[PDB]
There are 2 protein chains.
Amino acid sequence: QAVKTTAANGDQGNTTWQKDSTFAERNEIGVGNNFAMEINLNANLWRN
Amino acid sequence: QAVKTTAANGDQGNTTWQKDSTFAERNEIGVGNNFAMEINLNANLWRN
């Protein structure tokens with residue numbers, strides 16, 4: 001979900017609103033590297 | 001779970017019996033395509 005900042009007078013970085021006026025409420029985001037699986041190629045060909 | 005149609009007098013499609021007499025009640029089924037990972041093949045051999 002999106003978020004913005006308030007008037008930010010002093011030590012207001014804690015104060016953070018909701019910016020639903022522009023962005024949606026169910027966005028999709030991943031964290032870290034993407035899922036992946038490992039294989040070894042030349043070994044398999046030689047084995048076959 | 002399986003279901004069966006009724007005698008269907010008129011607009012009786014809403015009426016729908018359960019065919020649990022014959023079919024089991026936990027049959028498995030998939031919807032849409034199957035799971036599928038992807039790997040470009042020749043690029044990896046050439047790069048190695």
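Going by the header, the method for this PDB entry is cryo-EM, and the resolution given is 3.7 Å.

**Considering the side chain of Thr 6 of chain B**
Residues and elements named next belong to chain B. Topologically, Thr 6 is positioned in the loop between β1 (3–5) and β2 (16–18). At 3.4 Å, the side chain of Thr 6 forms a polar contact with the backbone oxygen of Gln 12. The residues touching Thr 6, leaving out its near neighbours within four places in the chain, are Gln 12, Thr 15, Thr 16 and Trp 17.

**Here's the deal with the relation of the copies chain A and chain B**
Of the transformation placing chain A onto chain B, the axial shift is 0.1 Å and the rotation is 118°, giving an RMSD of 0.4 Å. Considering both components of the superposition, the chain copies are consistent with a three-fold axis. Looking at the interface residues of chain A, 75% of them are also at the interface in chain B, so both copies use one shared face.

**Structural notes on the environment of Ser 21 of chain B**
All names here are of chain B. The topology assignment puts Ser 21 in the loop between β2 and α1 (42–47). We classify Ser 21 as exposed; its relative accessible area is 73%. Residues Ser 21 and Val 3 lie 18 residues apart in sequence; the distance between their C-alpha atoms is 10.0 Å.

**Considerations on the interface of chain A and chain B**
On the chain B side, the residues contacting the 4 residues of chain A number 6 residues. In total, chain A and chain B occlude about 410 Å² of area from one another, counting both sides; carbon and sulfur atoms represent 85% of this. Considering only the surface of chain A that becomes buried against chain B, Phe 35, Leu 41 and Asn 42 of chain A emerge as the three largest contributors, covering 72% of it. When the residues that make up the side of chain A that touches chain B are grouped by side-chain class, the tally is 3 nonpolar, 1 polar and no charged.

Reading guide: rules and limits
Residues numbered from 1 in each chain as written, not as in the entry; some residues may be left out. Chains lettered and ligands numbered in written order. Part of a larger assembly, values for the part shown. Heavy atoms only, no water. Helix = DSSP H or I, 4+ residues; strand = E, 2+ residues; numbered from the N terminus. Polar contact = N/O pair within 3.5 Å; in protein donor to acceptor, adjacent residues only side chain to side chain. Contact = heavy atoms within 4.5 Å. Least-squares fit on C-alpha atoms. Buried < 20%, exposed > 50% of the residue type's maximum accessible area, 1.4 Å probe, protein only. Buried area = accessible area lost by both parts, 1.4 Å probe. Nonpolar A, V, L, I, M, F, W, Y, C, P; charged D, E, K, R; others polar.

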